[PDB]
Ligand SMILES: O=C[C@H](O)[C@@H](O)[C@H](O)[C@H](O)CO
Ligand SMILES: O=C[C@H](O)[C@@H](O)[C@H](O)[C@H](O)CO
Ligand SMILES: O=C[C@H](O)[C@@H](O)[C@H](O)[C@H](O)CO
Ligand SMILES: O=C[C@H](O)[C@@H](O)[C@H](O)[C@H](O)CO
Ligand SMILES: [Mg+2]
Ligand SMILES: [Mg+2]
Ligand SMILES: [Mg+2]
Ligand SMILES: [Mg+2]
Ligand SMILES: [Mg+2]
Ligand SMILES: [Mg+2]
Ligand SMILES: [Mg+2]
Ligand SMILES: [Mg+2]
């Protein structure tokens, strides 16, 4: 049964189990966690690696001697546990200088400072082993319409990601970027609000191949969108470089519940998709243990993230492996969807009378899709009533 | 003041003022309108053109002799009024044969029939003068997770749009396609749910240049997204081929209120963007006069669509033309957003100590953005209190 | 196994399995079902009874001979199967005359007609043995602000329910009313939009005890509310007279999915609540088999409604029965929540220095609620991982 | 012009212009404001009064000497400006001890502490002349289903309000309570989530007449509800004791934009309602100047709150005063809505053949409501296009 292994590739941010509980209406309920303690406890839980924002590891404002003490300590913990660092990112949202954005701040000097802060952390991420560098532009956007010309801000956003592509190319680094979309919060509306908007943006950059997406369950659900559908389009585009797993219960503030909570059936269809498409990147949890919890509650919430992924993996595997489900898929013509519509081109199609002139539209309209039966088989597998 | 002219390029679908009032809980409240009567009345209201789905003009199932009677009659009305037909589209949603989709139906023969129905109407649209052919895949999607493999459905969707690109290319037609996104309704989740998802999809087609988007105000608002922001990204990508104007009051069923209703400030920021970016396509209204109205109420609702666009155009023009607003934009550093972040490349940026080492982060953090003052000037212009 | 029997009190509307699949963008995909055939197919499935709108049983406009003939063949089917009719309701939304409302229509003659149509069906409901009479005011509301004065509409809505209470009291009928709330659709905004608004309104009627609520899963979820929370307040108020069970996947158009679909964890906490509070009314399913389905998919969807309630009942019962869960509830102090705050009274609380001046606020702040461990035990029980 | 004077009853919380800009992803961008400076800058702006949470005026944990000193300098500022204190409230959400609630915390000692903290501030509110005492239960609720038994929590919530009613009655205080509803944030789901739920709960308290509601624009809009509709029901119930005015752009995190921003047409229909129903309470602004702003942007945002109410008051007044609008209201039969449906009574309605057996349902169905023309006249008046 459900014990995490290194092969499950479960990772967690320093900021997830390290969340102190501070929210818009309340102070911290927990003490700050030491990164070294977090690496050790996560290694004991069966996680494979940890990720970080620069300001999680090195206190904003640290002198270069305090910086290397922090880095050194962290790296001894990693080396002692065998924990990996698959991804890293920059905090371009906490400090008041980023109140109007990092890469798309109206003030040019803030945009330059944002880029220098990011490059300093790309060098660190690369020596720690990170292959993905995430960008969450949480402050890029607006609360009012004339505060941001969005066509000019997209020029500044393209310009910042192109300069970053330039830099990693000239250094010969093997890192790839993954843009993390979110529709709103903390800005009234955030630029590149969904997976689709981030995908389309990448196609306009100088080096498209260096950039993919880091979609998060709760973010797409804050726009009422189907997260497994958005992940299937990112996989179809070859751009799912990383993923953030957690839970969200509707269109409201961003909750970051542990994975499995929130929309449980969407979590099931997501694990089924990730596992049958053979996604091989980290299964990263970007969640917040509720501020009602003490530190024992924090590790119970982190353990529940992994446990729920493994139960859903087991149930999805059993659903697809079941002969009855395989027969129900044929009955709903999922095999026929995999056949080309018109492989002999549009002239064969135009000549075929059975495709239009002689098509019996009413016989075809009367065929049932048998979708409810197939979805109740999926419901029975998820609940273990099969 | 606010009289529609031909230069305003206002157009309406046959199905908008022709909506009979039928909804999921109620029967029709109005009689069916004759297309000829609609062309004449819209021409009297000051509209520039009309659009149509094939089944609006020619009754589904018409023999080829009844088809040409309908077409002939319509074309005499257009010719008598000088009304244009800038866009046309296919109905791939009403008939029960399309219950699981047109282009991405699981049944291969339905997908072939969908493509033949569409090509027949592209030929008609081209001889009537349409330069844009819209595709709204209202039935492409699902209510349950195993009913549609979305990666395979995107293959079938790419395949259908590529066959259509093939066909118009081989015929030498000057039509371009515009995909119309919608997140849900009538399917639980519709494929390519937002402007961003449709933009990203286009980049994967064989002939990307033939395809753009037809975004609709209320559709992006059904996902709680900022519609002026999504339009600015489609304009930045060079893909705003057409637009559908109406109103929506929140995340709920698709209302199609007349333009100006619903989110009035978003309507203001949309007209400001369309007018200052010099969009030159039709201002098309895809709206439904509420079923509470009789035919006099239908033409009053259609007239209100145009009237509201012209009042907002006038207010947005006055906002941007005001010296005080121009001064407030400089104060919020909207001019500095138009300056390149690092035009002398990443090595100049890396060497600049003022960009990091010597950057006074606290002086910069303390600068106010002056955004509330600028937005209250915009509020005063919209309300005519300035 | 999970076989329904009439002992489980499962009931279905004639309009549910009977929906023909017509939606805002599509025509019917199924033929009309004969009520007699519905009564015996539902009896075969293990249902306990059926409910109806007047217009589901007797076609609008039937002559009295035709009316009596429909009632006759229906009642014969009831007698033959042992099926009961627990509830009935009026259709005050389909006919065009109800386009601005039934009870709160601006036209006074339509409000009188709405009342006569309802009274006629109350007499029939009582003859068939219905104990609850539902009123869903789906047309009471507005799309625009000046169209409905809402304080005056609530006077007309109170007036209508007061006259229906006077009528059944004069007749000595044992029937009570249950108001069914819905936030929107088919009107832009519907009056009494949630459970709370309907509960508050009832306290203003002349005979408050004759009226309760008939909440529906998907309706409260269309406003992003927690449906188990809404039901606990209705049960706390002693007003849960009936309940409509189905599924909804978020804030969008009203889907009416089969129960168990949509928010599955909310369905689990709902069955946990109804079963532990000892609700004794009908478990009524107001759902629509998707229009993708044929008649065999209709009965599979209906059967799935009952199966899912019975699986969730079993898991909720096993959860509450588990000693480890019972121990986790004590650790989270749910036993202390049941203790009175200040049964000693106000002056004793004011004299209690340990309640304020000597309360150690930091020792209390430091106690973790242990809610994540508890919620993961609930997750394990729902998935059958114990 | 639109200059506020104290005659307009505009009031502001100390926590509003006083917000320092700390949010879930960011630190403060503004220094703390001294209450004394807020009182005189707001008096200069034309405000009538200020409101407070205990912890806004007296820092949590102040010794009684420090407490009295804070109250002293505040009261001196009040006396010097002629500013009033119409309302006050308790902070039962910021301190970590309130992480699972104040009045419905699972820990009994915290619920007693919550009551003592509130009573202490009721005595201070009454001394400063407050007539309304608001209770916003922002921590009463849950993120998971078994963490809070909601029927027992509502017994504890009733118990707490009953004891506060007993306390002010024994003291002979002339102060009434107003419950402030909010659907979520900071808890996953908050108890009494909307106006209707709070209204329904009040009818179960021991002294219902001591309690009403303090609805907030953005809170009801976080559940997609019509705020003018919610306010008309509270006014119909005689329970609108206070109101919080601000803006919200849809269903997402609570934004607290300045009034007039967000849904501008809902702000117009809200001022129309408050002004035509003769609401006489404070027009209170509970908003947050965006963290992008400096202290000058704080006072511009505050001034904009008042300016927008005064512009919308003028347009709503001109709308209702227009003979053409008065004629349009008669055409839409808003005068007939005010007529009793059946003042002749139930048996006369039953004997009226014109109400049913001789009602021409198709002539009534054919009458248009003329609501679009009416709504466009309201649009013209709001935009000043007449
Ligand atoms: O909602 C907030 C974001 O998801 C944030 O937590 C990012 O994940 C982090 O900045 C790394 O990308
Ligand atoms: O919401 C429905 C769609 O917007 C529909 O009305 C399309 O506009 C039409 O099929 C032409 O594209
Ligand atoms: O969403 C609509 C309602 O659920 C409606 O169908 C009612 O259930 C019916 O009028 C009788 O109860
Ligand atoms: O969104 C939160 C509430 O608006 C809160 O700030 C209340 O207004 C305050 O506790 C006193 O009324
Ligand atoms: Mg998040
Ligand atoms: Mg994330
Ligand atoms: Mg629409
Ligand atoms: Mg459209
Ligand atoms: Mg429903
Ligand atoms: Mg119902
Ligand atoms: Mg708020
Ligand atoms: Mg408030």
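By the numbers in Swiss-Prot, the shown part of chain D spans 2-387.
Technique stated in the header: X-ray crystallography, 2.0 Å.
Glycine too: its Cβ is placed from the backbone N, Cα and C atoms.
What Swiss-Prot lists as active site is D:54 (among others), and the listing cites similarity to another entry. According to DSSP, residue D:54 (active site) is assigned to a strand segment.
For residue D:57 (active site), other Cβ atoms within 10 Å of its Cβ number 20. Annotation comment: Swiss-Prot describes D:57 (among others) as active site.
When other Cβ atoms within 10 Å of the Cβ of residue D:181 (Mg(2+) 1 binding site) are tallied across all protein chains shown, the result is 22. For D:181, D:217, D:245, D:287, the entry in Swiss-Prot reads Mg(2+) 1 binding site.
Around residue D:220 (Mg(2+) 2 binding site), the same-chain residues at least 6 positions away in sequence with a Cβ under 8 Å from its Cβ are D:181, D:182, D:183, D:184, D:195, D:245, D:249, D:255. Annotation source Swiss-Prot lists Mg(2+) 2 binding site at D:217, D:220, D:255, D:257.
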Integer Å distance between the CA atoms belonging to residue D:287 (Mg(2+) 1 binding site) and residue D:54 (active site): 12
Shell of the Mg(2+) 1 site beyond D:181, D:217, D:245, D:287, same chain only (C-beta within 8 angstroms of their C-beta centre): D:135, D:137, D:215, D:216, D:218, D:219, D:220, D:244, D:246, D:247, D:285
Neighbour tally for residue D:217 (Mg(2+) 1 binding site), based on other Cβ positions within 10 Å of its Cβ: 26
D:217, D:220, D:255, D:257 excluded, remaining Cβ within 8 Å of their centroid (Mg(2+) 2): D:183, D:218, D:219, D:223, D:245, D:247, D:249, D:256, D:287
Candidates D:217, D:257, D:287 (binding-site residues) - the one closest to residue D:57 (active site) by CA: D:287
Residues from D:57, D:245, D:255 facing chain A - recorded positions, CB under 8 A: D:255
Secondary structure at residue D:287 (Mg(2+) 1 binding site), reduced by DSSP to three states: coil
Secondary-structure category, per DSSP, in which residue D:245 (Mg(2+) 1 binding site) falls: strand
Residue D:287 (Mg(2+) 1 binding site), number of other Cβ atoms within 10 Å: 25
Collapsed DSSP category at residue D:257 (Mg(2+) 2 binding site): coil
Neighbourhood of residue D:257 (Mg(2+) 2 binding site), C-beta criterion under 8 angstroms, separation at least six: D:17, D:219, D:247, D:248, D:249, D:287, D:288, D:289
For residue D:255 (Mg(2+) 2 binding site), the number of other Cβ atoms found within 10 Å of its own Cβ: 24
Site of maximum Cβ density within 10 Å, from recorded positions D:54, D:245: D:245
